[PDB]
RNA sequence: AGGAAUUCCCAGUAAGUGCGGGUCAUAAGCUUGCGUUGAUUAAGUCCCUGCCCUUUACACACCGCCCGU
Ligand SMILES: [Mg+2]
Ligand SMILES: [Mg+2]
């Protein structure tokens, strides 16, 4: 009788478009796909994107731990890496490095994250090289 | 077997 | 060799089916005079005072499951086991509206107050709301997980509340088709749900003695409404709640369990509640003089009071209430409807018109005018044409019965070893003969008008003759096992009996000597019949096969599959070698004994068929089934051709490049339209994707394009659409959405149209916005990933440092190494 | 100089021309060798008419769940 009540609130929170409040419940209910859809929906909305990192601080400790293991799967897929990288950026700058070591499964999390994140950096480097073609077009326009 | 099952 | 078709003429002997609900109807301005009762595949309108059928509403091949009368009174909604919903006009008697959204039996049907919307529940876990006036289905609700028990509208805020066989109560916002509130209180099925006190209290019935109530107040935070546990009221019945009903605009709440008694409750509201509270306070003040919150608590518990409960003869299936004195109509397992009057006394019954149990034996008179049907505790005689019960006699039980050649008398068999005889005119039992020790199973009439033969559970077979009418026993024939069927030849030469062992033994009538034996059935033979010539005898067993045997030598001509279950009865037509059989597979079939062919199938009944009878003229056939109904079939003049009947059962986008063009054109048109609309202040495709900007709609078109087909679609696109795409691409990068996809598309167009872009001076502003945006956004994304370099790499080194402290060192080094060796395939 | 319908055909191929043999089967107004002359169009799609398969070797790069009874 508990989950169906929690599910009813989660089904509600999506309906009035309250994605910020939906972050806590979906992480607590352990739905990685639901969180991923909400994270994408937050970023497209302009005002919600800036208040994203403020929300992440208010979450308790264990929600951030299960959240971290969600980003491991998301960073694997190229279509889903950008939403993962934005989230992983928040954890690094906000929280203390020694506290990151205190997390459970952080050692196993670091093993998977490094190779796939290295792949994304090389792809963006090639795009930056291709972006220089705009400067060549500007000088050749009359 | 009895007729009660089969017929009735 | 041409055959003739048999067609179902009428259905009789049924008052009310066990499944369904009884409803009061308004005809000719009399609210309580007429009632609507469900039968097998039909629904009947009865007059309680007169006792006759005013009107019958046609059905099609499927049983009716539930009934709902329209608020206006002109229409009544009908639900079927298939899932189709049909609405009938009472005055015309013809229904032309069909709703077939559901895929299972329609459990409930309810109307709103106005009558424009209809809500239906089914065993499939769905609720569908229909537009009655427009004859269309509005929307489907899919929240529930089990069968739907109840569905009720709310007038005040356009809300629907539903209950199901699952332990949940769900609240729906019909405007958005969203389930906003769910109750999890109950432990078991929520069988009942009613609204009371002007939609301020909620009452639920479950499979327990306690009956819970909630109070609702309009406005995990609650939304729209809130509900609190007001309390519970006790029930006398200890069983499950079958039904909860409240009469329209009344103060009477009726609770019904599996037992026969119906429980009534009366609510106190408005001044009556206030007057009772004032009286209680004065009595409390008098008690204080002789020698409050408790008084208020006493008032709350006494808000609803128990009036005297109605008791019925048998258990009730459905009931209805009307209040101007309370009138309550009932439907029982017996096809019997009763009305009781209370402010209890029984005012009327419609017990005439059907047997109280399933008809086990069935017979015709010597002429075709009369039809005999007998069951447990009742015997009735039916006129074939006029179709009303001529006379009724009580009996101990019915298993077999023949009609004596005299038109005045009848003879029946019983489960107890007895025989009873009656006159039709006198309507009394003549005498009772202890014919057999055990159950008497079969009875056969002599070819000549004198005498008859009985066989039964007692292993002997006894011969009787007629002697005011009386019967005496001439001689008896004793056998080794039980006797299933006795039937002897159209000439008085040969006698055929069926035993419990899988054999049919033929005896000479004159000498009582063995003549023949028929074997080969895996299961004992239930039914037997002998042709008019006497050449062929057909035997049917509990095993599905039916076999034809010749009397001359006992040779088996044929064995047929026939029904899918055990065959119950078999009988030849009088004129020719055609016989009718009925089995437990819901069917009646006729066969040609000479050609061993299946000619016809009658598909009227909905349950297993107990008995069958054919007229001596052969024109009419009557059958009885587990469903409490009797059906009549008649021969028609239209010829039947076999192979024409045999075939009756056999019968019974746009390319990626073009998509970009339409998206751009749609964007061009709308931006002009919004410009005009704003000036006045001083499309359907967009709502299809949800309300979004026209610039947004172009984006998902690009996302929908497959990666492989991306490059040639851009090559195909003409330069006319290119400047617009560059403006739209700039808008995409600034939002930051799908930058990798857009930049890959953007860089391709610039290369292929490099020369033409350079010439056009109109594009000079465009790339200046593009040049500043593109590098700024791409660098930002790369920096975010690049910042993750430092944090992850540093945390990697810290974990490696901790492992160094532990380094037993060889064991730890071996254990540490062992983790980091993955395995790959290699062709050596 | 052979209608309607219909059949076959991509390089020494289509078509024309001559000269032999009758070979343990077949072949007589027919069968099979051998040489001579030698072209037009086409080297790609699943639109029609059909056929064969599939929809559970982790370099880089790419890609990211067939559906129903
Ligand atoms: Mg020619
Ligand atoms: Mg030649």
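All residue numbers here begin at 1 and follow the chain in the order shown.
Per deposition record, electron microscopy, 3.6 Å.
Cβ coordinates are placed from backbone N, Cα and C, and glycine is handled just like the others.
For C:17-56, the entry in Swiss-Prot reads repeat 'WD 1'. Remote same-chain residues near the repeat 'WD 1' (C:17-56) are listed as 11, 62-69, 73, 76, 78, 88, 90-91, 93, 317-320, 322, 327, 329-331, 333, 335, 337, 339, 348, 350, 352-353, 605-606, 627-629 (criterion: CB distance under 8 Å, separation of at least six residues from the stretch ends).
Taken from Swiss-Prot, the feature repeat 'WD 2' covers C:59-98. Remark: secondary structure over the repeat 'WD 2' (C:59-98) totals 0 helix, 19 strand, 21 coil, with classes taken from DSSP.
What Swiss-Prot lists as repeat 'WD 3' is C:101-140.
The annotation repeat 'WD 4' is assigned in Swiss-Prot to C:143-182. Residues of the repeat 'WD 4' (C:143-182) grouped by DSSP class, helix first, strand second and coil last, total 0 helix, 23 strand, 17 coil.
Counting only same-chain residues 6+ beyond the ends of the repeat 'WD 6' (C:236-275), those with a CB under 8 A from a CB of the stretch are 189, 191-197, 203-209, 211, 299, 302-316, 318-323, 326, 328, 330, 342. The repeat 'WD 6' annotation in Swiss-Prot covers C:236-275.
With a threshold of 8 Å between CB atoms, the same-chain residues lying at least 6 positions outside the repeat 'WD 7' (C:354-392) that come near it are 10, 12-15, 334-336, 398-403, 405, 407, 410, 412-413, 422, 424, 427, 610-617, 619-620, 622-626, 628, 630, 632. Here Swiss-Prot flags C:354-392 as repeat 'WD 7'.
The repeat 'WD 8' annotation in Swiss-Prot covers C:394-434.
In sequence order, C:396, C:397, C:399, C:439, C:440 are the residues near residue C:415 (SUMO2 cross-link), counting only same-chain partners six or more apart with C-beta under 8 A. Look at Swiss-Prot and you will find C:415 tagged as SUMO2 cross-link.
Marked as repeat 'WD 10' by Swiss-Prot: C:478-517. Sequence-distant neighbours of the repeat 'WD 10' (C:478-517) (same chain, 6+ residues past either end, Cβ-Cβ under 8 Å): 441-444, 446-448, 453-457, 459-461, 523-534, 537, 539, 541, 549, 551, 554.
According to Swiss-Prot, the repeat 'WD 11' annotation covers C:520-561.
Marked as repeat 'WD 12' by Swiss-Prot: C:562-601.
Each residue in the repeat 'WD 13' (C:604-643) gets a DSSP state, and the totals come to 2 helix, 23 strand, 15 coil. The annotation repeat 'WD 13' is assigned in Swiss-Prot to C:604-643.
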For this session: State the non-local partners of the repeat 'WD 12' (C:562-601) in its own chain: residues 6+ outside its ends, Cβ under 8 Å from one of its Cβ atoms.
Result: 3, 5-6, 523, 526-533, 535-536, 538-546, 548, 607-614, 616-618, 621, 623, 633, 640, 642, 645
For this session: Take the repeat 'WD 8' (C:394-434) and find every residue of the same chain, 6 or more past its ends, with a Cβ under 8 Å from one of its Cβ atoms.
Result: 359-361, 363-367, 370, 372, 374-379, 381, 440-445, 449, 452, 454, 456-458, 466, 468-471
For this session: Kindly report the helix/strand/coil residue split of the repeat 'WD 11' (C:520-561) according to DSSP, in that order.
Result: 0 helix, 22 strand, 20 coil
For this session: Helix, strand, coil: count each for the residues of the repeat 'WD 8' (C:394-434), based on DSSP.
Result: 0 helix, 17 strand, 24 coil
Problem set entry | Within-chain partners of the repeat 'WD 4' (C:143-182) [C-beta distance under 8 Å, separation at least 6 from its ends] | 107-108, 110, 112-113, 117, 119-127, 129, 188-195, 199, 202, 204, 218, 222-225, 227
